[PDB]
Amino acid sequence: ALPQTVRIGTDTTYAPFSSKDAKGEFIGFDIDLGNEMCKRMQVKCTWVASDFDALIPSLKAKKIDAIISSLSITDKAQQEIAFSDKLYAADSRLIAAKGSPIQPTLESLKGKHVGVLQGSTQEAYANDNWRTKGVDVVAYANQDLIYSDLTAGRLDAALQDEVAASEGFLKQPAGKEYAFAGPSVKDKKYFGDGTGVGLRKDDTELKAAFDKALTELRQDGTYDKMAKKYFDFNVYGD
């Protein structure tokens, strides 16, 4: 027994998953997935923009009903909220200036300024592994601020979801001087297993509804066709 309107929170500074076009309309793979699921659920949905670190608290306060915002399914997150089945895979990777020697290692990063999104898995990773050991880890309200501070030369590097960095910055005008610094950083504990719809633990029926719709759009090929708009690779992963 779902609500008539499902309110979905997202942070719109994470192309190609969630961002705003020139008119301020919400666009991206997340938006397409959410709208497609809502359609199949036969509910109305309202998109709600907010800073990433506000999403889980807004959810718990019932100011939104769901989060679709490249939110990784982690053990930690599941202490607070529930998730749909996996929407797509999301590894983390560092970016730095082209021809930077930088690596995602303590040895490389000590004394350098590294940007992370506040409230993200990447902030947790960097705070635990890098900030404690003397890396200047800087946390930001949103990812656009990070990209800006990076191109302004205030940051040496930045850690975020690999596909967001690549499609949303590196392959975009602002990022032509930049590249990945080292390989993706795999850490089961911190980065979880792909992303999913974030939900209140007790909203069992909403989760089942989302899961049902997600299954169905994967089954009839809609998932792959939508994904093809953004990616020429297997975004879903395993």
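Sequential numbering from 1, following the sequence displayed.
On average the C-alpha atoms of 21 to 29 have higher B-factors than those of the other stretch, with 7 to 15 and 21 to 29 being the two compared. Of the two segments, 147 to 155 and 70 to 78, the one listed with the higher mean B-factor is 147 to 155 (C-alpha atoms only). In this entry, the residue among 116, 164, 109, 89 with the greatest C-alpha B factor is 109. Residue 36 sits in the middle third of its chain by CA B factor, as recorded in the PDB entry. Remark: residue 205 belongs to the middle third of its chain, ranked by C-alpha B-factor as recorded.
Compared with the other modelled residues of the chain, the Cα B-factor recorded for residue 46 ranks in the middle third. In the PDB entry, a CA B factor belonging to the lowest third of its chain's modelled residues is recorded for residue 56. Among the modelled residues of its chain, residue 195 has a C-alpha B-factor that falls in the lowest third according to the deposited record.
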